[PDB]
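A.B. asks: Please find one structure pasted underneath; my questions will follow.
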Amino acid sequence: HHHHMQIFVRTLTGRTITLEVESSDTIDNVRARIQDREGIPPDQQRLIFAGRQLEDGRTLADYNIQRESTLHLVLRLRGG
Amino acid sequence: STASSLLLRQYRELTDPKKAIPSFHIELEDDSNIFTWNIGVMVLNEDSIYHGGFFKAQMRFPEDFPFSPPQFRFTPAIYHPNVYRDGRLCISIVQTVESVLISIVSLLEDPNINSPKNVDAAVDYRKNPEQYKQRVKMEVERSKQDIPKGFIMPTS
Amino acid sequence: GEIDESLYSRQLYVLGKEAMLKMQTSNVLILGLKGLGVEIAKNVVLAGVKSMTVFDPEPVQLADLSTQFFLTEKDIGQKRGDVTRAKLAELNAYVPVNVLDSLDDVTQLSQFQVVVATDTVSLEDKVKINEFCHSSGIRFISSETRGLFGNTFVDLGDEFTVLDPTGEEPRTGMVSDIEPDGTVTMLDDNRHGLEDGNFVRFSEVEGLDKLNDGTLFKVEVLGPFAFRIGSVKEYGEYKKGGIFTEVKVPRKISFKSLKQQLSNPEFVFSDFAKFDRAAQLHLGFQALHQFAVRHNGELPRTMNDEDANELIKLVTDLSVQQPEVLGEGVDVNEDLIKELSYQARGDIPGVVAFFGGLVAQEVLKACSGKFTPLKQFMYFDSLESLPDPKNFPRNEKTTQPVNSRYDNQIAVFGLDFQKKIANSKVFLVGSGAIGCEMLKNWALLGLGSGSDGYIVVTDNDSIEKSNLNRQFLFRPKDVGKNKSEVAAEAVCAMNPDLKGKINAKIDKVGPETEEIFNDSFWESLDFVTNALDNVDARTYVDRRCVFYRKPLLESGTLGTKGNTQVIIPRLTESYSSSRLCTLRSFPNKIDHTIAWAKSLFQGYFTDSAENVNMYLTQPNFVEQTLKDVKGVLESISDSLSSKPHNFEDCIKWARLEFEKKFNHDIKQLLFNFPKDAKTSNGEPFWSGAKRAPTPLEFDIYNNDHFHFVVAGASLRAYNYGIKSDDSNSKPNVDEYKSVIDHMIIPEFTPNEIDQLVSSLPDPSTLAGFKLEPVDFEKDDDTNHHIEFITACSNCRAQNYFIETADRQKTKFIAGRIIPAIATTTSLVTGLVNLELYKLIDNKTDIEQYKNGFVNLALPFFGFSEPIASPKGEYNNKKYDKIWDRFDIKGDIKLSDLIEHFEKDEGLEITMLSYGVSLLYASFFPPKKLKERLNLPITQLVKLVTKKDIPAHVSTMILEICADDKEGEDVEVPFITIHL
Ligand SMILES: Nc1ncnc2c1ncn2[C@@H]1O[C@H](COP(=O)(O)O)[C@@H](O)[C@H]1O
């Protein structure tokens with residue numbers, strides 16, 4: 001319930017960025033935070049955690065993302 | 001070569017039991033070819049329809065890695081809107097194996113129905129959902145024959 | 001109006017059909033046949049002009065043999081033009097080469113279209129001739145080379161229109177939004193590629209109805225993903241769709257006479273690092289002619305200071321006459337003019353080959369008008385090629401002539417430096433177009449002619465009659481012989497000094513021939529020069545040069561574009577450290593339908609036969625295939641079910657596949673996703689990169705539908721060994737029509753594996769039955785290979801509303817043919833030899849070397865400093881990521897190898913591989929560890945690969961991953977196991 005926590009995010013080129021966030025932050029809020037730090041347009045990349053595509057409407061606590069977790073960045077359109 | 005050297009560093013990072021992702025069981029073909037990987041795809045998500053499955057696949061890296069995208073093929077082929085009848089799946093283009101494999105399990109639960117390859121599975125995903133779930137559940141159970149002996153898989 | 005597309009195949013893809021037809025109606029006159037003259041004449045004759053005429057009544061001197069490859073010691077005394085015309089006509093039987101005897105009356109220039117004046121024409125005569133050409137509409141082009149310097153002049157008359165500026169394909173792309181202010185927004189993650197000043201037409205714009213009529217709009221680039229065309233409020237409002245195509249508008253450019261340009265020149269810079277030296281050399285080359293007038297046609301003496309100081313005065317006197325050249329407040333740069341006077345008598349092959357190809361391309365633009373011509377002037381120098389005076393000093397004694405053919409080369413570098421060039425041991429990989437130009441320049445340099453040097457050239461290919469256009473060392477008499485062997489004897493006739501010094505081999509460079517090119521071969525060489533055409537071989541030679549720490553001179557051309565790369569050990573990076581799928585399903589360009597048709601051509605006539613040939617010859621194939629299975633079993637079932645008997649059955653199979661691939665599968669796709677289908681978000685399914693297809697109704701009178709059946713039937717008949725009375729050169733429509741009009745075509749209706757494995761007949765049923773798989777050949781025009789891919793691709797193009805392509809355009813995309821013109825090949829080869837001068841001095845200053853990039857279409861010349869090899873570190877120990885490696889002596893054991901790395905290097909070896917074979921891994925189970933930890937490196941490879949290391953192998957390259965003293969992975973060099 002609103003506990004501070006830092007999480008890691010892996011990019012496509014196996015590079016890890018460290019972010020300081022809270023469980024009361026939406027994925028869209030976090031996705032916009034990775035946008036300004038890496039340079040990727042918002043439409044090109046999404047976020048996957050333990051094989052779960054994070055929707056922009058939910059928050060970090062909605063996906064049971066505790067402290068020192070690792071997010072993953074994947075293209076939005078990648079199907080054959 | 002800069003291709004075999006790059007493949008080694010990514011093969012050790014995905015098979016070291018300290019950094020290994022529990023969602024994929026990676027082993028080399030004949031334990032000697034670095035450019036041919038036998039990967040076992042597992043969906044650990046409990047709410048997913050593909051839960052409990054072990055879908056065997058094969059990755060073949062070309063000689064011009066990473067300047068050419070590698071091929072990914074399900075053996076055997078699975079029912080998915082983004083998988084050809086040949087079992088193969090298009091890999092797009094600086095990219096790592098970890099990003100590609102994670103991109104694959106993400107497509108398994110959220111298929112890109114707008115750009116379909118199996119038109120049968122695509123029309124079944126949206127128009128006949130009950131039939132698509134039945135084809136996947138039957139596909140997951142037939143996958144249990146492709147388990148080795150002694151392997152345990154947690155949720156973690 | 002016919003063009004030999006068998007001889008000019010690679011050249012037609014550069015110049016086009018229309019431009020080559022104008023070239024075949026233009027008579028070219030070249031004045032002066034020194035090294036620069038014969039280099040221009042060779043490339044122009046090879047390019048195929050209507051007629052070639054040369055004029056040079058001067059007697060052949062031994063010093064002229066410095067750059068002219070068509071002169072021998074036996075020709076000394078006779079006229080340069082007469083002895084060269086014979087050897088020039090041999091290059092192209094379609095181009096007659098004549099000799100103009102006396103140019104006393106200038107009215108003889110009226111029968112020519114392009115006049116070329118080389119260095120043998122005085123500046124006073126160049127102006128007299130240009131005044132007659134400019135006032136008569138004749139194109140005038142001049143050029144001269146002074147040592148390591150040179151320039152060129154272009155005057156194409158007072159009226160010249162550039163219809164095509166670049167010769168490239170017009171850039172096109174899809175539009176996602178057109179704002180009312182004109183901001184044309186592209187689709188997601190697509191770059192328009194346009195630049196300011198471009199012009200574009202529009203298509204498929206739903207709402208701006210008057211925007212699609214073909215009116216052109218000026219492009220104002222806002223960013224890499226958008227451009228602006230002005231307010232489009234008059235045309236309506238944007239809804240969806242849109243495809244823009246760049247259109248090249250004509251540009252009528254006006255030229256000034258040579259007299260006008262000497263006073264107010266317009267420069268085109270060959271190197272922006274030396275863009276100030278342009279106006280300096282403009283007065284220097286003029287002063288060289290004033291010096292010749294004041295000295296009875298004499299040039300400034302070699303390394304002479306009295307003449308060099310007089311030239312500086314003439315340049316200063318000219319600066320007062322022409323104050324616009326240098327401009328106000330800029331000094332004369334006496335040091336530059338002094339170097340120009342020192343080399344005024346030099347004849348450098350690298351500079352001649354450079355300007356020879358450059359001016360020749362300007363002659364081609366003069367006859368065809370295909371590219372953008374040179375804007376009135378360009379100057380170029382390669383002063384960085386001069387060796388260090390501390391090792392090879394230059395003065396009036398070292399650079400004096402020695403009564404040899406290299407006198408004009410010694411005049412620049414000195415006698416001691418030319419001896420080292422002759423004592424160099426070089427390796428030329430490939431004897432193609434670049435290799436032929438490479439051996440010619442090395443023959444003029446005398447490279448390898450010394451008692452300590454040699455030349456090794458290897459090429460496993462033979463000479464063909466079609467290659468005689470792009471390979472000028474070969475003649476019709478040599479077709480069928482080996483490329484490297486004939487090119488060896490070709491240069492020995494130009495310079496007999498190389499006789500017995502060229503080792504011509506016919507062996508392919510690769511891992512297959514590591515016994516022939518062993519350690520003793522590579523280590524004895526000084527440097528290696530690449531003359532290859534494919535990337536697979538280039539990377540191997542590059543990885544070999546990195547292993548043995550030898551310099552590599554890399555080059556390559558693509559049409560009018562070309563580049564050079566210098567690779568220095570321990571200093572710069574190598575050539576390896578530099579530089580769809582969905583599109584087949586939803587095509588929007590002709591490239592995607594060809595890739596779809598090319599893959600269909602493989603599964604029809606190549607993969608189906610290999611599966612049947614293996615199902616019949618391997619008994620366990622059914623059980624072996626279980627390790628794609630349904631597609632393979634279906635391929636063998638369809639290949640043995642509809643087995644054709646005569647050629648009439650093959651026509652039926654091709655017509656049925658036409659209905660399946662282009663009518664039924666399209667209706668089945670349109671059944672699941674109609675033209676009005678919508679996605680989850682409510683967006684139209686068929687939008688943007690996706691085009692709603694339409695089913696094809698077969699029409700035998702449609703050229704693409706007809707040839708899909710002819711080629712499809714002829715190729716299937718080749719698989720099943722069926723022959724026909726039809727002519728393989730001309731199919732008859734009425735015969736194919738009576739066969740199809742009597743067929744019953746099934747209508748369309750919308751739609752485990754152990755059953756399939758039981759439907760296959762036994763191999764014993766078909767005893768001796770063999771299918772002949774089709775081996776794809778792009779260069780044969782009678783095997784129906786290109787006929788199928790062209791017809792099949794255009795049919796799918798008709799489905800998705802893509803514009804069809806002809807055979808020549810499809811052969812280009814399918815075969816991945818690299819265009820090659822003779823002008824860029826000679827120019828690029830010259831730049832390689834100018835860097836070769838820097839390899840002889842063993843220069844280590846990275847700024848002295850220069851990587852070149854040329855685009856003769858603009859024309860653009862740019863040079864960049866080579867990139868230094870990236871450095872890394874482990875345990876605070878810096879190393880070179882490209883060149884550094886670990887040297888281990890003896891066939892060490894795996895256990896002692898890890899011990900040597902934890903003690904001497906502090907690295908815990910976690911993995912170890914040998915080529916493409918993984919040998920050791922720290923995460924192996926204790927069973928795999930103890931088994932391999934006690935084996936040496938040679939026995940470790942035998943255990944893993946089941947193959948023995950041959951006795952001719954003396955070294956082994958091992959890739960390793962290791963952790964530092966903190967337990968984290970760190971990049972480390974590779975290992976060389978010295979057996
Ligand atoms: N691996 C190789 N070994 C020997 N020669 C080669 C190799 N690859 C290409 N070549 C030669 O390189 C030449 C290609 O140059 P070009 O004719 O200009 O395309 C031909 O003579 C080929 O036979």
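FYI, nothing fancy with the structure tokens labels: chains A, B, ... in order, residues from 1 per chain, ligands from 1 as they appear.
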If you run DSSP on the backbone, which residues of chain B are alpha helix (DSSP H), as an MDAnalysis selection string?
C.D. replies: chainID B and resid 2:15 97:109 119:126 129:141
A.B. asks: Need to verify the contact set: segment 733-739 of chain C, 8 Å, only C-alpha atoms, exclusion of same-chain residues closer than 4 positions in sequence. Can you return it as a PyMOL selection string?
C.D. replies: chain C and resi 648+651-652+700-701+706+743
A.B. asks: Write out, as a PDB file, in the first residue's frame, the residues just selected, with N, CA and C atoms.
C.D. replies:
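Final output, saved to selection.pdb:
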ATOM      1  N   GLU C 648       1.071 -31.860 -72.143  1.00  0.00           N
ATOM      2  CA  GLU C 648      -0.272 -31.310 -72.006  1.00  0.00           C
ATOM      3  C   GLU C 648      -0.745 -31.373 -70.559  1.00  0.00           C
ATOM      4  N   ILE C 651       0.657 -28.278 -68.615  1.00  0.00           N
ATOM      5  CA  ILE C 651      -0.093 -27.042 -68.814  1.00  0.00           C
ATOM      6  C   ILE C 651      -1.290 -27.002 -67.877  1.00  0.00           C
ATOM      7  N   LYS C 652      -1.931 -28.152 -67.666  1.00  0.00           N
ATOM      8  CA  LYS C 652      -3.069 -28.213 -66.758  1.00  0.00           C
ATOM      9  C   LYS C 652      -2.652 -27.917 -65.324  1.00  0.00           C
ATOM     10  N   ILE C 700      -5.629 -15.725 -71.059  1.00  0.00           N
ATOM     11  CA  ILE C 700      -4.471 -16.219 -71.792  1.00  0.00           C
ATOM     12  C   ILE C 700      -3.852 -15.125 -72.643  1.00  0.00           C
ATOM     13  N   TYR C 701      -4.616 -14.082 -72.973  1.00  0.00           N
ATOM     14  CA  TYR C 701      -4.064 -12.969 -73.731  1.00  0.00           C
ATOM     15  C   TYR C 701      -3.324 -11.970 -72.851  1.00  0.00           C
ATOM     16  N   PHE C 706      -0.271 -15.670 -69.254  1.00  0.00           N
ATOM     17  CA  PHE C 706       0.166 -16.648 -70.244  1.00  0.00           C
ATOM     18  C   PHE C 706       1.531 -17.215 -69.889  1.00  0.00           C
ATOM     19  N   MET C 743     -10.435 -27.427 -70.251  1.00  0.00           N
ATOM     20  CA  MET C 743     -10.294 -27.831 -68.861  1.00  0.00           C
ATOM     21  C   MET C 743     -11.547 -27.480 -68.068  1.00  0.00           C
TER      22      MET C 743
END
A.B. asks: Could you report the residues within 7 Å of ligand 1, using only C-alpha atoms and all ligand atoms, as a list in words?
C.D. replies: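 What falls inside 7 Å of ligand 1 is residues 429, 430, 431, 432, 433, 434, 458, 459, 460, 461, 483, 507, 508, 509, 510, 531, 532, 533, 534 and 537 of chain C.
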A.B. asks: Set the cut-off to 6 Å and count only C-alpha atoms: what are the residues of chain B that reach chain A? Output as a PyMOL selection string.
C.D. replies: chain B and resi 82+89-90+94-95+99+103+106+112
A.B. asks: Which residues, written as a compact mmCIF listing (two decimals) with N, CA, C and O atoms, in the first residue's frame, have at least one atom at most 6 Å from segment 18-31 of chain A, with only C-alpha atoms counted and residues fewer than 2 positions away on the same chain left out?
C.D. replies:
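New file out03.txt:
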# COMPACT_ATOMS: atom_id res chain seq x y z
N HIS A 2 1.22 1.72 -1.20
CA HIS A 2 2.00 2.95 -1.40
C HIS A 2 3.35 2.86 -0.68
O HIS A 2 3.65 3.62 0.24
N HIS A 4 7.58 2.74 -1.39
CA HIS A 4 8.58 3.13 -2.38
C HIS A 4 9.45 1.94 -2.76
O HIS A 4 9.68 1.02 -1.97
N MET A 5 9.95 1.97 -4.00
CA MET A 5 10.59 0.81 -4.61
C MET A 5 11.22 1.21 -5.94
O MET A 5 10.65 2.03 -6.67
N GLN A 6 12.40 0.68 -6.23
CA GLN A 6 13.07 0.96 -7.50
C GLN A 6 13.07 -0.32 -8.33
O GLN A 6 13.24 -1.42 -7.79
N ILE A 7 12.85 -0.16 -9.63
CA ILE A 7 12.76 -1.29 -10.55
C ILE A 7 13.70 -1.07 -11.72
O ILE A 7 14.10 0.05 -12.04
N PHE A 8 14.06 -2.18 -12.36
CA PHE A 8 14.96 -2.19 -13.51
C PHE A 8 14.17 -2.41 -14.78
O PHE A 8 13.10 -3.03 -14.77
N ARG A 33 7.89 7.67 -18.66
CA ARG A 33 9.16 7.92 -17.99
C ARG A 33 10.32 7.26 -18.73
O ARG A 33 11.41 7.83 -18.80
N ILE A 34 10.09 6.08 -19.30
CA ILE A 34 11.12 5.43 -20.10
C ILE A 34 11.26 6.10 -21.46
O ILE A 34 12.33 6.03 -22.08
N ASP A 56 -1.78 0.27 -20.20
CA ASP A 56 -1.54 1.65 -19.77
C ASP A 56 -2.49 2.10 -18.67
O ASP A 56 -2.20 3.10 -17.99
N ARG A 58 -3.64 0.31 -15.92
CA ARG A 58 -3.41 -0.23 -14.60
C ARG A 58 -2.17 0.42 -13.98
O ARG A 58 -1.51 1.27 -14.58
N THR A 59 -1.84 0.02 -12.76
CA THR A 59 -0.72 0.56 -12.00
C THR A 59 0.31 -0.54 -11.76
O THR A 59 0.16 -1.68 -12.21
N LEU A 60 1.38 -0.19 -11.04
CA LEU A 60 2.42 -1.16 -10.75
C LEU A 60 1.96 -2.18 -9.72
O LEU A 60 2.37 -3.35 -9.77
N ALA A 61 1.11 -1.77 -8.77
CA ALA A 61 0.60 -2.70 -7.78
C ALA A 61 -0.42 -3.66 -8.38
O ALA A 61 -0.65 -4.73 -7.81
A.B. asks: Specify as number ranges by chain all residues of chain C found within 7 Å of chain B, counting only C-alpha atoms.
C.D. replies: C: 581-582, 628, 631, 672, 679, 685, 916-918, 923, 944-945, 959, 961
A.B. asks: Would you mind exporting N, CA and C atoms of the selected residues as a PDB file, in the first residue's frame?
C.D. replies:
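Full text of part.pdb as output:
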ATOM      1  N   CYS C 581       9.796 -10.602 -44.073  1.00  0.00           N
ATOM      2  CA  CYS C 581       8.956 -11.744 -43.746  1.00  0.00           C
ATOM      3  C   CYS C 581       7.483 -11.375 -43.857  1.00  0.00           C
ATOM      4  N   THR C 582       7.032 -10.416 -43.043  1.00  0.00           N
ATOM      5  CA  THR C 582       5.662  -9.918 -43.131  1.00  0.00           C
ATOM      6  C   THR C 582       5.370  -9.342 -44.512  1.00  0.00           C
ATOM      7  N   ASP C 628       9.046 -28.915 -39.813  1.00  0.00           N
ATOM      8  CA  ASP C 628       7.846 -29.070 -40.629  1.00  0.00           C
ATOM      9  C   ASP C 628       7.685 -30.517 -41.089  1.00  0.00           C
ATOM     10  N   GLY C 631       3.857 -30.164 -44.069  1.00  0.00           N
ATOM     11  CA  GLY C 631       4.223 -29.573 -45.343  1.00  0.00           C
ATOM     12  C   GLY C 631       5.149 -30.447 -46.162  1.00  0.00           C
ATOM     13  N   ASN C 672     -12.433 -14.211 -45.150  1.00  0.00           N
ATOM     14  CA  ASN C 672     -12.188 -13.971 -43.732  1.00  0.00           C
ATOM     15  C   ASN C 672     -12.098 -12.480 -43.430  1.00  0.00           C
ATOM     16  N   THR C 679     -10.895  -3.668 -37.658  1.00  0.00           N
ATOM     17  CA  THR C 679     -10.122  -4.303 -36.602  1.00  0.00           C
ATOM     18  C   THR C 679     -10.810  -4.131 -35.248  1.00  0.00           C
ATOM     19  N   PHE C 685      -9.332  -2.508 -41.659  1.00  0.00           N
ATOM     20  CA  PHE C 685      -8.303  -3.537 -41.766  1.00  0.00           C
ATOM     21  C   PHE C 685      -7.363  -3.258 -42.932  1.00  0.00           C
ATOM     22  N   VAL C 916      32.676 -22.708 -34.825  1.00  0.00           N
ATOM     23  CA  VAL C 916      31.243 -22.802 -34.582  1.00  0.00           C
ATOM     24  C   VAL C 916      30.919 -23.929 -33.603  1.00  0.00           C
ATOM     25  N   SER C 917      31.900 -24.365 -32.818  1.00  0.00           N
ATOM     26  CA  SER C 917      31.755 -25.511 -31.930  1.00  0.00           C
ATOM     27  C   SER C 917      32.019 -25.077 -30.496  1.00  0.00           C
ATOM     28  N   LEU C 918      31.036 -25.276 -29.621  1.00  0.00           N
ATOM     29  CA  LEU C 918      31.212 -24.994 -28.199  1.00  0.00           C
ATOM     30  C   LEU C 918      31.896 -26.180 -27.527  1.00  0.00           C
ATOM     31  N   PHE C 923      29.234 -24.173 -16.522  1.00  0.00           N
ATOM     32  CA  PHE C 923      27.977 -24.652 -15.967  1.00  0.00           C
ATOM     33  C   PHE C 923      27.650 -26.074 -16.406  1.00  0.00           C
ATOM     34  N   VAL C 944      34.200 -33.317 -29.478  1.00  0.00           N
ATOM     35  CA  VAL C 944      32.972 -32.554 -29.675  1.00  0.00           C
ATOM     36  C   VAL C 944      32.500 -32.639 -31.123  1.00  0.00           C
ATOM     37  N   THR C 945      33.414 -32.477 -32.076  1.00  0.00           N
ATOM     38  CA  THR C 945      33.050 -32.410 -33.486  1.00  0.00           C
ATOM     39  C   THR C 945      33.136 -33.756 -34.196  1.00  0.00           C
ATOM     40  N   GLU C 959      37.358 -18.724 -29.074  1.00  0.00           N
ATOM     41  CA  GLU C 959      36.574 -17.670 -28.448  1.00  0.00           C
ATOM     42  C   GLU C 959      36.273 -18.064 -27.009  1.00  0.00           C
ATOM     43  N   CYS C 961      34.582 -16.685 -23.061  1.00  0.00           N
ATOM     44  CA  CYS C 961      33.903 -15.769 -22.158  1.00  0.00           C
ATOM     45  C   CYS C 961      34.415 -15.994 -20.744  1.00  0.00           C
TER      46      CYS C 961
END
A.B. asks: Give one line per residue of chain C that approaches chain A to at most 12 Å, naming the two atoms of the closest pair and their distance in Å to one decimal, counting only C-alpha atoms; sort by chain then ascending residue number and deliver it as a Markdown table.
C.D. replies:
| residue | atom | partner | partner_atom | distance |
| --- | --- | --- | --- | --- |
| C:187 | CA | A:43 | CA | 11.8 |
| C:188 | CA | A:43 | CA | 8.3 |
| C:189 | CA | A:44 | CA | 8.0 |
| C:190 | CA | A:44 | CA | 11.8 |
| C:580 | CA | A:80 | CA | 10.2 |
| C:581 | CA | A:80 | CA | 7.0 |
| C:582 | CA | A:80 | CA | 5.2 |
| C:583 | CA | A:80 | CA | 9.0 |
| C:584 | CA | A:80 | CA | 9.9 |
| C:585 | CA | A:80 | CA | 8.6 |
| C:586 | CA | A:80 | CA | 10.3 |
A.B. asks: If you run DSSP over the backbone, which residues in segment 35-67 of chain B end up strand (DSSP E)? Put them as a PyMOL selection string.
C.D. replies: chain B and resi 35-42+54-60
A.B. asks: Let me see the file: selected residues, N, CA and C atoms, as a short mmCIF file (atom, residue, chain, number, x, y, z; two decimals), in the first residue's frame.
C.D. replies:
data_model
loop_
_atom_site.label_atom_id
_atom_site.label_comp_id
_atom_site.auth_asym_id
_atom_site.auth_seq_id
_atom_site.Cartn_x
_atom_site.Cartn_y
_atom_site.Cartn_z
N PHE B 35 24.99 -22.14 -33.80
CA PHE B 35 24.04 -21.45 -34.66
C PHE B 35 22.73 -22.21 -34.82
N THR B 36 22.46 -23.18 -33.94
CA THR B 36 21.20 -23.93 -33.96
C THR B 36 20.80 -24.24 -32.53
N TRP B 37 19.76 -23.57 -32.05
CA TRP B 37 19.30 -23.68 -30.67
C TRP B 37 17.97 -24.42 -30.61
N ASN B 38 17.86 -25.36 -29.68
CA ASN B 38 16.60 -26.03 -29.38
C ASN B 38 16.05 -25.43 -28.09
N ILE B 39 15.00 -24.63 -28.21
CA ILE B 39 14.46 -23.84 -27.10
C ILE B 39 13.08 -24.37 -26.74
N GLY B 40 12.85 -24.56 -25.45
CA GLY B 40 11.54 -24.93 -24.96
C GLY B 40 10.78 -23.76 -24.38
N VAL B 41 9.71 -23.35 -25.04
CA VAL B 41 8.93 -22.18 -24.63
C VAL B 41 7.88 -22.60 -23.62
N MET B 42 7.85 -21.91 -22.48
CA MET B 42 6.89 -22.18 -21.41
C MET B 42 6.19 -20.89 -21.01
N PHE B 54 4.56 -26.76 -22.78
CA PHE B 54 5.99 -26.81 -23.11
C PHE B 54 6.07 -26.98 -24.63
N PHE B 55 6.17 -25.86 -25.34
CA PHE B 55 6.16 -25.86 -26.79
C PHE B 55 7.60 -25.89 -27.29
N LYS B 56 7.99 -27.00 -27.88
CA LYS B 56 9.34 -27.14 -28.41
C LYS B 56 9.49 -26.33 -29.69
N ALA B 57 10.66 -25.71 -29.85
CA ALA B 57 10.94 -24.90 -31.02
C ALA B 57 12.43 -24.98 -31.34
N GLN B 58 12.81 -24.39 -32.47
CA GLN B 58 14.19 -24.42 -32.92
C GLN B 58 14.56 -23.07 -33.51
N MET B 59 15.71 -22.54 -33.08
CA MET B 59 16.25 -21.30 -33.61
C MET B 59 17.53 -21.60 -34.37
N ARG B 60 17.61 -21.10 -35.60
CA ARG B 60 18.79 -21.25 -36.44
C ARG B 60 19.35 -19.87 -36.73
#
A.B. asks: For the atom pair atom CA of residue 308 of chain C and atom CA of residue 341 of chain C, what is the interatomic distance in Å to one decimal place?
C.D. replies: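 Between these atoms lies a distance of 5.2 Å.
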A.B. asks: Extract, using only C-alpha atoms, all DNA, RNA and protein residues at most 7 Å from residue 550 of chain C, discarding same-chain residues fewer than 4 positions from it, and format them as an mmCIF file with N, CA and C atoms, in the first residue's frame.
C.D. replies:
data_model
loop_
_atom_site.group_PDB
_atom_site.id
_atom_site.type_symbol
_atom_site.label_atom_id
_atom_site.label_comp_id
_atom_site.auth_asym_id
_atom_site.auth_seq_id
_atom_site.Cartn_x
_atom_site.Cartn_y
_atom_site.Cartn_z
ATOM 1 N N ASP C 526 53.413 -8.729 -47.318
ATOM 2 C CA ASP C 526 53.470 -7.391 -46.744
ATOM 3 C C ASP C 526 52.075 -6.833 -46.489
ATOM 4 N N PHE C 527 51.192 -6.921 -47.478
ATOM 5 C CA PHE C 527 49.799 -6.541 -47.287
ATOM 6 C C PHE C 527 48.955 -7.255 -48.332
ATOM 7 N N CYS C 545 43.231 -11.327 -42.355
ATOM 8 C CA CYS C 545 44.192 -10.240 -42.190
ATOM 9 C C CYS C 545 44.295 -9.802 -40.733
ATOM 10 N N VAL C 546 43.182 -9.832 -39.999
ATOM 11 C CA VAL C 546 43.227 -9.491 -38.580
ATOM 12 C C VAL C 546 44.024 -10.531 -37.803
ATOM 13 N N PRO C 569 46.864 -2.677 -39.063
ATOM 14 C CA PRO C 569 46.896 -3.441 -37.811
ATOM 15 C C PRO C 569 47.223 -2.568 -36.608
#
A.B. asks: Name all residues at most 7 Å from residue 208 of chain C (count only C-alpha atoms; drop same-chain ones fewer than 5 positions away) and give them as a list in words.
C.D. replies: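 Neighbouring residues, sequence-local ones excluded: residues 235, 236, 237 and 238 of chain C.
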A.B. asks: List the spatial neighbours of residue 132 of chain B as a ChimeraX atom specification - criterion: any atom at most 12 Å away, only C-alpha atoms, same-chain residues fewer than 2 positions off excluded.
C.D. replies: /B:49-50,78-81,120-130,134-139
A.B. asks: Here is a test: counting only C-alpha atoms, which residue of C:140, C:202, C:69, C:521 is nearest to residue 443 of chain C?
C.D. replies: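 Selected residue with least distance to residue 443 of chain C: C:69.
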A.B. asks: Within 7 Å of segment 900-912 of chain C, counting only C-alpha atoms, which residues qualify if same-chain residues fewer than 2 places away don't, as a list in words?
C.D. replies: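 In the requested form, the answer reads residues 896, 897, 898, 918, 919, 920, 921, 922, 958, 959, 960, 961, 962, 963, 964 and 965 of chain C.
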